[PDB]
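This document starts with one chain, in the form deposited in one PDB entry, laid out as structure tokens.
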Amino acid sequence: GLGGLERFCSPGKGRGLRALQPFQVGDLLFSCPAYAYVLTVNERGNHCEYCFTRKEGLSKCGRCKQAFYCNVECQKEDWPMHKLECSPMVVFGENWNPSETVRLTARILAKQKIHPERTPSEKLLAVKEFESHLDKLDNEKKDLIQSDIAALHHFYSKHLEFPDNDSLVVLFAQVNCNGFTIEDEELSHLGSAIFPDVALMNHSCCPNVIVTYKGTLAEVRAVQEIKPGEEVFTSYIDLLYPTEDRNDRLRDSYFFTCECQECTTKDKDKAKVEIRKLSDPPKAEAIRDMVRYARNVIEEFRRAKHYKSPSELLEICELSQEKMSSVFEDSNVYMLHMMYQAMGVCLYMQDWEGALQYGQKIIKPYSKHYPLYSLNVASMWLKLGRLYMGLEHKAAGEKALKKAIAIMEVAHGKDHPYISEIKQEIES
């Protein structure tokens, strides 16, 4: 189905989505209800488990007191999926630690037993039809799937009937590369879901669509004019980084290399890796070393985001920046990576001033490096606005919040609950 769209074979790629009618900028292509979903553990007090709405003072689950809901209606409708974790959270207590993947694969198995037939989440692609890339996964990723399986058994023993090891390996591999992360208006991680039809769409570093969420509902809107017969492209990755960096990430998770206009021309590559205009210009050899150092420290930081302290993480950001500053211009995407990373640590530690100072340095190069309609730009203006408003800068506040609404009206749509919320912030 899906009015004015069709599944097809995209040459040189595979299964894709194609427009059959035109779509102007801001037009809703389709909506895909969540086949399976979960709210992340760290967002448990702030958000409803069933619809993901952000509210303070949510009703608690009487049994576990770990799940929070808008009303009894969200609580009752959530129970089929919550019963998988409700009694095991009480039994295991603070030891209850299944990974978000294990948590999601559990809901998938539950949806397979209650609704074995094609769901409205599966109008053009089925979960069972998902790519698993099992032939391509290393020993590390296969060991984590074995680990995931043991965790599923250890934490969901009492509420599920499990298929054999081989069936569960395929499913865990499938979820790993097909699972969607859901973010809020600020790009903060909210949870994980299965959107079978959204997963049909192929990748481009110049996308003509963006995926946003209305609670657990995924929404696909046009960010470029789409003509009948043109293929529908979303971006699988973060479009801030140069071509090699994007293709390295693409190969890592989806084992394919990109061939779009941006990957071909590499026009934004020189500007993304901006170099200081020194009287003695740094040598190509020195430019090479700083790019490697940066890519190395980016990996070092992600790993450190597990064991090192927020004040330790900041030292890495600050010293990495200071080191890179020898060759890299402040608009360089590697500098910007660490500025963003320290902003997140500042927002974490509630250093609203430190965060605001990062954002201010981040936003002009962001609108220069990302496309016009980009969730990273809108969420950065939204974060700047909210911080400005919090620190008594109303003129700079309304200015940044309006700039967020501008992009967001096109991505999230003019009637989105987010736009209203932000408007209430300017008005009241």
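Heads up, when I say rigid core I mean the largest set of C-alphas that superpose within 1.5 Å between the two forms. So that there is no doubt, residue numbering starts at 1 and follows the sequence shown.
When the C-alpha B-factors of 304-312 and 265-273 are averaged, 304-312 comes out higher. Between 396-404 and 36-44, the higher mean Cα B-factor belongs to 396-404. Based on the entry's C-alpha B-factors, the most elevated value among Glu186, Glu140, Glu131, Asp197 belongs to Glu140.
The maximum CA B-factor among the listed residues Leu152, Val127, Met338, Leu109, taken from the PDB record, is found at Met338. Among all modelled residues in this chain, the alpha-carbon of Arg54 has a temperature factor (C-alpha) in the lowest third. When the modelled residues of the chain are ordered by C-alpha B-factor, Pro281 sits in the highest third. Compared with the other modelled residues of the chain, the Cα B-factor recorded for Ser99 ranks in the lowest third. Sorting the modelled residues of the chain by their CA temperature factor places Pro116 in the highest third.
Among the modelled residues of its chain, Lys123 has a C-alpha B-factor that falls in the middle third, as given in the PDB entry.
The next section is about a form of this same protein that is not shown, the form deposited in another entry.
Comparing C-alpha positions between the shown form and the other one after a rigid core fit, one residue in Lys308, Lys214, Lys83, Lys128 moves 2 angstroms or more. It is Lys308.
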